[PDB]
Each structure stands twice: as C-alpha cells, then as structure tokens.
Amino acid sequence: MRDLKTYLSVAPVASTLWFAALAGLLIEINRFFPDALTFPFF
Amino acid sequence: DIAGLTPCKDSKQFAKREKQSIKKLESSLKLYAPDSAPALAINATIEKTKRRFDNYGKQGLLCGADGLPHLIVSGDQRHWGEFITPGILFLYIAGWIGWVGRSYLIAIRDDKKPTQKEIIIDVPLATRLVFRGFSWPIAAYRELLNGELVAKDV
Amino acid sequence: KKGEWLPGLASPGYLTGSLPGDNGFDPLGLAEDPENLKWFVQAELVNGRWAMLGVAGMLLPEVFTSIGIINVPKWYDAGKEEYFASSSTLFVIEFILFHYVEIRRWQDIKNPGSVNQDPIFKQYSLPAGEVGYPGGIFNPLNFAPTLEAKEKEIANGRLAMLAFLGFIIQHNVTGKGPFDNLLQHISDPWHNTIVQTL
Amino acid sequence: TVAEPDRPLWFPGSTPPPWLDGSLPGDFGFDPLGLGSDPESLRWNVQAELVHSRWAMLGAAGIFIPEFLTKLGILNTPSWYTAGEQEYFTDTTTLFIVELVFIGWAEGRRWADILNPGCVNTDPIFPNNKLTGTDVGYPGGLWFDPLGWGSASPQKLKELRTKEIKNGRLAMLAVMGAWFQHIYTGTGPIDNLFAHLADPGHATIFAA
Ligand code: CLA
Ligand code: CLA
Ligand SMILES: CC(/C=C/C=C(C)/C=C/[C@@]12O[C@]1(C)C[C@@H](O)CC2(C)C)=C\C=C\C=C(C)\C=C\C=C(C)\C=C\[C@@]12O[C@]1(C)C[C@@H](O)CC2(C)C
Ligand SMILES: CC(/C=C/C=C(C)/C=C/[C@@]12O[C@]1(C)C[C@@H](O)CC2(C)C)=C\C=C\C=C(C)\C=C\C=C(C)\C=C\[C@@]12O[C@]1(C)C[C@@H](O)CC2(C)C
C-alpha cells in the first residue's frame, strides 16, 4: 500500500495524472469558451 | 483603422467568409435526414461558427484585406485583450509554476538523497507548496529585495 | 493560547504571539523572514486603515442619501461629478502631498525615530513611539495605544478590507450600491442571492 | 483494544491478515487487497467506513421508509431518485451552497479531529460545553451522545460499535441496491420487492 502510493508518485505516473488533468481542464474550457483570440472581459 | 485595417464588423471579406463557411456546412447538411445525428452535429458546427464570427466582430478585432483578424500588439489600449491582458495572465501562471518548482527544489535540496525526490515526487510536500504560487509575485519581489533570490558569487 | 484561525492546525513558529492580531495565519509563508514580517505589519496597518475610511465613505453617504437626509452621488458615480477644480488638478495636489507624507513615513519604517520632528519648526517634535503608531500631534486625545486597542484596529481593518473587496465585486456584478444590495437581499433573501445575481 | 485471534472470519479456514487482530469493531479479517495494510491508512479508512456507514443508514431510511409509506395510502412523497429535480421554496443550488457551508463547518471540525485528536472538543464560543468522547469517530458529548449510551465499558462498546458498522455495511449495499434497481427496473425498490415476492422464480434480474 505504502509502496503502491510510492510507485504512483514516480515521475512518469505523476506526469500522466498531472497532464491528463490539465488536458481535461483545457478541453472543457475550450468547450464552454470556444475559439477566442482575445480576453474579452477587459 | 490601425495599420490601414478595418474593423471586422465593417469588413465585406469577413462577412463573405462567414457566408461561405456556413453555406459549405449546409452543403454537407443537405445529404442527411434532418432528424439524423450527423445533421444535428452539422447544425451544432453552424451555430458554433456564427458564435465565432459574431464574437470576433463584437470584441473589436481589426481585419485585413483577407477578411481575417489581425492582432494589434503595440500596446494601443483598444486592443489589450489581444496580447497585454492574456500576456499578464500567462506571466502570472508561468511565474506560479516556476516559483513552485523552485520552492520544491529548495525544500528537498538538504535531504539525504536529493535526487530521490526528483524522480519520485514527494506529493505531500508538493501539495503544501503549490499554493505558494498564488502569491509568487510578492514572494519573489521580497526575495529580490532581501537577497534570497540570487545565489551569491556565482 | 493566542487564537487559532484553524483550530487543529498549529501556528507557524515565526508568529511569536507578540504581534497584535496574531491568529497564527500565514499558510503561504510570506512572513517567515522577519523583515518581510515587519514590512507586512506596516502594510496591513495602512491597507486596513485606508480600507476602513473607504468602506465608511462608500457605504454611509449611500444610506444617508437613500434615507433622504442628504443627496450624495454613489461612491462609484462620485468620480464623474463636477467639482471646483479640474480632476487633473485634484490629482496633482493629491500626488504631491502623498509624495511628501508617504516618504516621511517610509523614512520611519527604514530608520525609526528619524523623521519624528518638524523640519520647519525645530520644536514640536514627536515622542518616540513604535513603527506604525506615531504619537504626539497624531494622538491629540492621547488614548492609550495598548493591546486590544491595536487588536481592535487590526480587526476592524481586516473586516474593512474584506468589506471593500465585497463592495467592488458586488458593484461589478449587480450594477448598484452596497446598501442597495443589502436592501435587495433583506427583501427576499432566499431568492435574492449571488446565486440569483449571476 | 482487545485482540481477538479465534474470531469468526469472512473466509472460514483462511488466515486473517496481520493488521486485523480483532480489536476493531466489525473485524472479520477482510482486506484481501491490503488497503488497510499500513496503520495510517487503516485508521483513515476506519473513519471512512464509519461515515459512509452512517450516511448510508440515513439514506436507506430516506429511500425505503418513504417509498414504503407512499406505496401505501399514507404519504405522497415522490421517488427518491427524482427528488432532486423538485422545486422547493428556493433553487436547489442555493440550498446546496447552504449545505456546503454548514456541512463544511461540521466536516472541517471532524477533519481537525482526525488529524489532531482532542484539539476540537471545546465550543469556540461557550467553552463550558465541551465533548466527552476520547475515541476518534465517536465524539460523545450532549449533542452526539445525549443518552450516554456511548460512554461505557469495553466489550459493551465493542458490541454496540460492531452493531453500528454491520448495520452501516448492510445500508451501503442497500442504498446502492435501490440505485442500480431503479436504473435497471423502472420503479421504486418496494415495487421490485413486491414484483419479486409475487414470482421469485421469474421476476428477477432475468425478467429483462
Ligand atoms: C517597439 C517599441 C515599443 C515599446 C517597447 C512599446 C511599449 C509600450 N507601448 Mg507602444 N507603440 C509602439 C512601440 C512600442 N511600444 C509604436 C511604434 C506604436 C505606433 C503604432 C505604438 C503605439 C502604442 C499606443 C497607442 C500605446 C502604446 C502603449 C505602450 C505601453 C503598453 C503597456 C503598458 O501600458 O504598460 C504595462 C501594463 C501593465 C498592466 C503593467 C502590469 C504588468 C506587470 C508589471 C507584469 C507582471 C509580472 C509579475 C506579475 C510581477 C513581476 C514580479 C517581479 C518583481 C519578480 C508600453 C510600455 C500604450 C500605453 O502607453 O499604455 C498606457 C498605448 O497607449 N503603444
Ligand atoms: C465583508 C463581509 C460581507 C458581508 C457580511 C456581505 C454580505 C452580503 N453579500 Mg457580499 N462579498 C463579500 C463580503 C461580504 N458580503 C466579499 C469579500 C466579496 C468578494 C468575493 C463579496 C461579494 C459578493 C457578491 C458577488 C454578492 C454578495 C452578496 C451579498 C448579500 C447577500 C449574500 C450573498 O448573496 O452571498 C454572499 C457572497 C459572498 C462572496 C460571501 C463572502 C463573504 C465572506 C465569506 C465573509 C463573510 C463571513 C462572515 C464571518 C459572516 C458575516 C460577518 C458579517 C456580519 C461581518 C449580503 C448582504 C450578493 C448581493 O450583493 O446580493 C445581490 C452577491 O451577489 N457579496
Ligand atoms: C485599501 C482598501 C480600500 C480602500 C478604499 C478607499 C480608499 C475608497 C475610497 C473612495 O470611497 C471613497 C472613500 C469615496 C468614493 O466616492 C470613491 C472611492 C475611491 C471609492 C482595501 C484593501 C483591501 C485589501 C484586501 C482585501 C487584502 C486581502 C489580503 C488577504 C485576504 C491575504 C491573505 C493571506 O495573505 C495572508 C494574510 C497569509 C497568506 O499566507 C495567505 C493569504 C490568503 C494570501
Ligand atoms: C457500497 C459502498 C462501498 C463498498 C465498498 C466495498 C464493497 C469495498 C470492499 C473492499 O475494499 C475492502 C473493504 C477491502 C479490500 O481489500 C477488498 C475490497 C472488496 C475492495 C458504499 C456505499 C455508500 C452509500 C452511501 C454513503 C449512501 C448515502 C445516502 C445518502 C447520504 C442519502 C441519499 C438520499 O438523499 C438522496 C440523495 C435523495 C433522497 O430522496 C433519498 C436519500 C437516500 C435519502
């Protein structure tokens, strides 16, 4: 259990989790706010 | 307007592009039964197209003779949304990331085996440190003044 | 027991408990270095005081106007009004004066006690106080600057800084005044809320 | 706090894992994936199983009792599955934000208790009130144990806590049961019960 959390902390796994979260986030942002060349809220 | 451009709300070429795009998607739409799912998808792309061109027209983008938005990065206050404002947002996020990573490296540097935490992340420490990036500009400014930002005689 | 902003959580070691308003709250470690802690003590003092005055001058003229006792423009609409001087002139006045005063205060932050006397009148100096609490002419009623007095100054300052934040963001979303917002809420609270405001 | 070597296990004949000695209430030796293998995670998961158990018991009540009464000529309460869509005296979102604030307070103090046992027992306004519990997950005090049934001898507290955890496990399985039933079948759980009682050989999973 402790060893498994350790394995899940290793560089490639933490990287896939981190960038997968980041990708879902950016995808959803471009889903609710698509296109957009500018920051329109000023 | 600026640089000889014209607002995209006033550009014939811009409206011609919106027209030709929409008619193109409708040419694809004529092939499918209007109740079908490909039809609903092409309708969604059409609505998204209208939203796109209408938003570019609204927010004041200038167009070239090509009928396409051109960005004014000179700093002209009418166009800060095109670079300066997203640029400040970027610098905030990038400064956040780098400040947090630097905080982690400083935190593990006196460990008995530093490289050990560079290949296997100390996630509790990382979670403790991620939100320091929220105030990274004050922290880094204070470090610059205090002399903790730059290593001495390097 | 000096008070805990998070009950379970321990205090940072660098928050001794000798500072007024010390509830052990520095989760991002901004005040870990002591010079940072001094500077931020003065910063919290000045932001808190200006925030108290500002929140007052934004909220009370409005409630007076809405009651009808007086007629004063909204705090955000006060800028557009006509005055006996060009707003540019007003700005240059304000800038010159603040440029003098703030730099004297700053001289006290760096080298305490150094600016305590009138540079014009060599008499009429200030007594030796603590950085951020000038005595003498600045305390005509000669109140006792003790704990609980400073703690109340900091408490009202923090509540007023939060208050100001609420005023600007509120007015941004609602397009009205803060007391107008309070009336709208007290009207039908379960149906007049930031939920319905968005 | 009493080891129980010869306790009845979930898998008769099997050997219990060394981190389950029978001291915990509801210890049948079941952790085949070693999820409570280290003491820290077992502590955490004991609190988890407890909270899940209590929420699932309240939920089993809120599904099964009103569905059962409204199935009779007693109440008019709607189906638990669709109760979220209903319009109450205000919008559900603002109700939910209320919920996140107050529940956030309670869960926050419980949180401080797990991370720092005892540090959270005093009323931050009226200190003379306080809480009597000395074990995490069983806070005691006038609020959470007014009848005092919670402060008692060991072996009695082990009996009662075992009852609580077993009821809560059953209730977890039952709540998810009504969930997957209402998704699979088209009715409330009591209709599944009656339809099954009429023809148990046929009206089952395999009637669809
Ligand atoms: C190629 C040379 C050049 C340069 C360098 C500039 C530079 C600038 N121009 Mg100009 N421009 C140029 C050519 C140039 N221009 C030409 C040839 C034209 C003719 C077309 C124009 C016409 C033009 C116009 C009409 C205007 C400008 C404006 C501006 C300013 C906009 C940015 C600003 O307002 O401040 C910066 C804005 C901020 C909000 C500052 C905050 C950002 C912070 C400091 C960075 C964040 C970092 C981080 C968070 C903190 C750091 C921490 C650290 C201590 C570690 C800027 C200084 C505008 C201006 O004057 O603005 C008033 C404007 O009116 N430009
Ligand atoms: C300084 C304290 C304070 C007080 C008591 C109020 C009071 C009120 N706010 Mg405001 N607000 C505040 C701060 C405060 N706010 C801050 C700091 C912000 C910036 C995020 C906002 C931004 C805000 C928005 C966007 C809106 C309100 C709105 C409202 C009204 C309805 C409440 C609501 O809809 O959700 C409340 C919204 C919040 C953001 C709450 C944040 C306040 C924090 C949690 C401090 C309060 C905790 C404190 C210990 C409890 C009360 C203490 C008080 C007696 C001093 C209400 C009269 C609504 C309104 O104007 O009605 C039309 C609404 O749209 N507020
Ligand atoms: C100065 C100020 C407001 C001043 C307002 C003024 C003068 C108003 C002036 C006028 O109204 C008049 C009177 C008349 C009107 O007609 C015109 C205007 C112009 C409107 C607010 C400060 C407001 C300041 C605020 C809100 C500061 C908030 C800081 C926070 C919350 C920091 C918290 C933490 O930093 C700690 C402490 C520890 C870290 O580890 C973690 C984090 C969380 C980072
Ligand atoms: C089943 C469940 C969990 C099951 C977990 C299992 C089997 C894990 C087993 C193991 O891991 C161990 C232990 C050890 C490992 O080595 C091996 C395995 C095998 C992996 C949780 C349910 C948990 C269920 C919960 C918490 C239910 C709570 C219900 C609430 C709060 C109320 C909801 C409602 O209010 C609404 C929303 C609307 C109303 O109309 C109706 C009501 C019902 C009132």
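Chains as they are written, first to last, in the deposited numbering: chain J, 1 to 42; chain F, 78 to 231; chain 4, 52 to 249; chain 2, 58 to 265. Virtual Cβ for every residue (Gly too), placed ideally from N, Cα, C.
Give the C-beta separation of residue i and residue j to the nearest angstrom, bearing in mind that I take them to be a contact with Cβ-Cβ under 8 Å.
{"i": "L168 (chain F)", "j": "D78 (chain F)", "result": "The Cβ separation is near 28 Å, so there is no contact."}
{"i": "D73 (chain 4)", "j": "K89 (chain 4)", "result": "Going by Cβ atoms, the distance from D73 (chain 4) to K89 (chain 4) rounds to 14 Å, so no, they are not a contact pair."}
{"i": "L206 (chain F)", "j": "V177 (chain F)", "result": "6 Å"}
{"i": "residue 266 (chain 2)", "j": "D202 (chain 2)", "result": "Residue 266 (chain 2) is absent from the structure shown; chain 2 starts at 58 and stops at 265."}
{"i": "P257 (chain 2)", "j": "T58 (chain 2)", "result": "45 Å between Cβ atoms; not a contact."}
{"i": "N223 (chain F)", "j": "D84 (chain 4)", "result": "6 Å"}
{"i": "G79 (chain 2)", "j": "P62 (chain 2)", "result": "7 Å"}
{"i": "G228 (chain 4)", "j": "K125 (chain 4)", "result": "5 Å"}
{"i": "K215 (chain 2)", "j": "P82 (chain 2)", "result": "6 Å"}
{"i": "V166 (chain 4)", "j": "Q93 (chain 4)", "result": "In fact, because the Cβ distance is near 14 Å, the residues do not count as touching under 8 Å."}
Just checking residue i against ligand 2 - is the residue's beta carbon closer than 8 Å to any of the ligand's heavy atoms?
{"i": "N98 (chain 4)", "result": "no"}
{"i": "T225 (chain 4)", "result": "yes"}
{"i": "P181 (chain 2)", "result": "no"}
{"i": "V10 (chain J)", "result": "no"}
{"i": "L210 (chain 4)", "result": "yes"}
{"i": "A114 (chain F)", "result": "no"}
{"i": "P240 (chain 4)", "result": "yes"}
Indicate, with yes or no, if ligand 1 has a heavy atom lying under 8 Å from the CB of residue i.
{"i": "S151 (chain F)", "result": "yes"}
{"i": "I79 (chain F)", "result": "yes"}
{"i": "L82 (chain F)", "result": "no"}
{"i": "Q154 (chain F)", "result": "yes"}
{"i": "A163 (chain 2)", "result": "no"}
{"i": "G183 (chain 4)", "result": "no"}
{"i": "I161 (chain F)", "result": "yes"}
{"i": "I165 (chain F)", "result": "yes"}
{"i": "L221 (chain F)", "result": "yes"}
{"i": "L168 (chain F)", "result": "yes"}
{"i": "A94 (chain 4)", "result": "no"}
{"i": "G158 (chain F)", "result": "no"}
Run the proximity test for residue i: is its beta-carbon closer than 8 Å to any non-hydrogen atom belonging to ligand 3?
{"i": "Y151 (chain 4)", "result": "no"}
{"i": "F115 (chain 4)", "result": "no"}
{"i": "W101 (chain 4)", "result": "yes"}
{"i": "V106 (chain 4)", "result": "yes"}
{"i": "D202 (chain 2)", "result": "no"}
{"i": "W126 (chain 4)", "result": "yes"}
{"i": "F215 (chain 4)", "result": "yes"}
{"i": "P78 (chain 4)", "result": "yes"}
{"i": "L81 (chain 4)", "result": "yes"}
{"i": "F230 (chain 4)", "result": "no"}
{"i": "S138 (chain 4)", "result": "no"}
{"i": "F130 (chain F)", "result": "no"}
{"i": "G198 (chain 2)", "result": "no"}
Using a threshold of 8 Å, is the CB atom of residue i nearer than that to any non-hydrogen atom of ligand 6?
{"i": "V246 (chain 4)", "result": "Among the ligands modelled here, namely ligand 1, ligand 2, ligand 3 and ligand 4, ligand 6 does not occur."}
Worksheet item: Is it a yes or a no for the segment 205 to 215 of chain 4 touching the segment 189 to 196 of chain 4, going by three-plus beta-carbon pairs under 8 Å?
Response: no
Worksheet item: Fully enclosed by the segment 147 to 219 of chain F, which alpha helix (DSSP H) runs are 4 residues long or longer?
Response: Entirely contained in the segment 147 to 219 of chain F, the alpha helix (DSSP H) runs reaching 4 residues are, in chain order, 161 to 185, 191 to 196, 200 to 207.
Worksheet entry | Environment of ligand 4 in chain order, Cβ to heavy atom below 5 Å | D88 (chain 2), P89 (chain 2), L90 (chain 2), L92 (chain 2), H109 (chain 2), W112 (chain 2), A113 (chain 2), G116 (chain 2), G119 (chain 2), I120 (chain 2), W137 (chain 2), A140 (chain 2), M229 (chain 2), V232 (chain 2), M233 (chain 2)
Worksheet item: In chain order, which continuous runs of the alpha helix (DSSP H) of length 4 or greater are located wholly inside the segment 73 to 145 of chain 2?
Response: 96 to 128
Worksheet item: Is it true that the segment 167 to 183 of chain 4 meets the segment 55 to 71 of chain 4, where meeting means three or more beta-carbon pairs spaced less than 8 Å apart?
Response: The segment 167 to 183 of chain 4, when compared against the segment 55 to 71 of chain 4, does not touch it at the 8 Å Cβ threshold.
Item to complete: Check whether the segment 240 to 254 of chain 2 touches the segment 112 to 125 of chain 2, taking contact to mean three or more Cβ pairs, one atom from each stretch, closer than 8 Å.
Response: yes
Item to complete: Please determine if the segment 213 to 223 of chain 2 and the segment 101 to 117 of chain 2 are in contact, where contact requires at least 3 C-beta pairs separated by less than 8 Å.
Response: yes
Worksheet item: Taking contact to mean at least 3 C-beta pairs separated by less than 8 Å, is the segment 88 to 107 of chain F in contact with the segment 138 to 154 of chain F?
Response: The segment 88 to 107 of chain F vs the segment 138 to 154 of chain F: in contact.
Discussion item. Would the segment 253 to 264 of chain 2 count as touching the segment 157 to 167 of chain 2 if we require 3 or more Cβ pairs under 8 Å?
Written reply: no
Worksheet item: Can at least three beta-carbon pairs, one atom from the segment 83 to 96 of chain 2 and one from the segment 166 to 186 of chain 2, be found at a separation below 8 Å?
Response: no
Practice prompt. Pick out the complete alpha helix (DSSP H) segments inside the segment 85 to 118 of chain 4, 4 residues or longer, and give them in chain order.
Written response: 85 to 118
Worksheet item: Counting pairs of Cβ atoms below 8 Å between the segment 235 to 246 of chain 4 and the segment 135 to 152 of chain 2, do you hit three or more?
Response: The segment 235 to 246 of chain 4, when compared against the segment 135 to 152 of chain 2, does touch it at the 8 Å Cβ threshold.
Discussion item. Would you call the segment 98 to 105 of chain F in contact with the segment 155 to 168 of chain F, where contact means no fewer than 3 C-beta pairs closer than 8 Å?
Written reply: No, they do not touch.
Item to complete: Kindly confirm or deny that the segment 214 to 225 of chain 4 and the segment 75 to 84 of chain 4 touch, where touching means at least three C-beta pairs closer than 8 Å.
Response: no
Fill in: 4 or more residues per run - each alpha helix (DSSP H) lying fully within the segment 150 to 233 of chain 2
198 to 201
Discussion item. Could you check whether the segment 65 to 74 of chain 2 touches the segment 137 to 152 of chain 4, counting it as contact only if at least three pairs of C-beta atoms, one from each stretch, sit closer than 8 Å?
Written reply: no
Worksheet item: Quick one: complete beta strand (DSSP E) runs, 3+ long, within the segment 125 to 213 of chain 4?
Response: none
Discussion item. For the pair the segment 5 to 17 of chain J and the segment 198 to 213 of chain F, tell me if three or more CB-CB distances fall below 8 Å.
Written reply: yes
Item to complete: For the segment 18 to 29 of chain J and the segment 103 to 112 of chain F, state whether three or more C-beta atom pairs, one from each stretch, are separated by less than 8 Å.
Response: no
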